[PDB]
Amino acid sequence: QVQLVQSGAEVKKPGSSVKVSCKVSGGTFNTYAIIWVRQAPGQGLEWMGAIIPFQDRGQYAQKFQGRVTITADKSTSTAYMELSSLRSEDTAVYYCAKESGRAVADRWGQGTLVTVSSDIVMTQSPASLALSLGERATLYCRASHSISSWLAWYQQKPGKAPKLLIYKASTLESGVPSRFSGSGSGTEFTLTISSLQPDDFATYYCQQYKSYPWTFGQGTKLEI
């Protein structure tokens, strides 16, 4: 019942600033990391920063330092992310997420579309896929440096937020059917679905949460 509600879409002139808000409810706020991830149109997930609200100090990705500010109002249970010096490439859907005592960001907001108009490396293959109902699909994820077993798999449907499927390296999130499975440790990991079903066709990403900056595989699309 943890819900994350983000502010509405906005259009901003190049060079201006935008601040995206995110109200967290149903889950403890002050002592759990609130995380901010953006996704540009038809591209992959990008980690921006994070904040444990009681610390009052955001940790940001090198790309954004000097431009972002992640704050958190403990009294309203709301996080804010402000991005300045906007450019056309800052156009993207920005997500807030929170961890819930298991390290992975397991609760995700709905996304906020911002449009601007006038380190470990994760490698994911297959870059695309297309398989028939009932068949098995095996995705892969490589890491420049060992991430131990701290690897997570997500499923992003079109127009939706990333959904957590597996964490640690094989632990299944609640409610995820048993056809999903995860194996691996160190630098090489695999995801495996046993019986593809209608709901399974979406974009899949791997993610290392060994160390900030968190990084995502470029994605593996699954098509009918």
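From 1 onward, residues are counted along the sequence shown.
Self-check item: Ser118 to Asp119: deposited residues without atomic coordinates
Solution: Going from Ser118 to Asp119, the model skips 10 or more residues of the deposited sequence.
Practice problem: Would you determine, from the values in the PDB entry, which of 164 to 172 and 33 to 41 has the greater average C-alpha temperature factor? | Solution: Per the deposited B-factors, the answer is 164 to 172.
Quiz item: Which of the two stretches, 60 to 68 or 180 to 188, shows the higher mean Cα temperature factor in the record?
Solution: The deposited B-factors put 180 to 188 ahead on the C-alpha mean.
Exercise. Select one of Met81, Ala97, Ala127, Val93: the residue whose C-alpha shows the highest B-factor in the crystal structure entry.
Key: That would be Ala127.
Exercise. Tell me, please, which of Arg136, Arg102, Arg107, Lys74 has the highest C-alpha B factor according to the deposited entry?
Key: Going by the entry's C-alpha B-factors, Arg136 comes out highest.
Quiz item: Should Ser211 be placed in the lowest, middle or highest third of its chain by the C-alpha B factor in the entry?
Solution: CA B-factor rank for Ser211: middle third.
Practice problem: Place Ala202 in the lowest, middle or highest third of its chain's C-alpha B-factors, as listed in the PDB entry. | Solution: Highest third.
Practice problem: Report the third (lowest, middle or highest) to which the CA temperature factor of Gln55 belongs, ranking only the modelled residues of the same chain. | Solution: Lowest third - that is where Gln55 ends up once the chain's C-alpha B-factors are sorted.
Quiz item: Can you tell me which third, lowest, middle or highest, the CA B-factor of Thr112 falls into for its chain?
Solution: Within its chain, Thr112 is a lowest-third residue by C-alpha B-factor, going by the deposited values.
Quiz prompt | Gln156 - which third its CA temperature factor falls in, relative to the rest of the chain | solution = As the PDB entry reports it, the C-alpha B-factor of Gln156 lands in the middle third of its chain.
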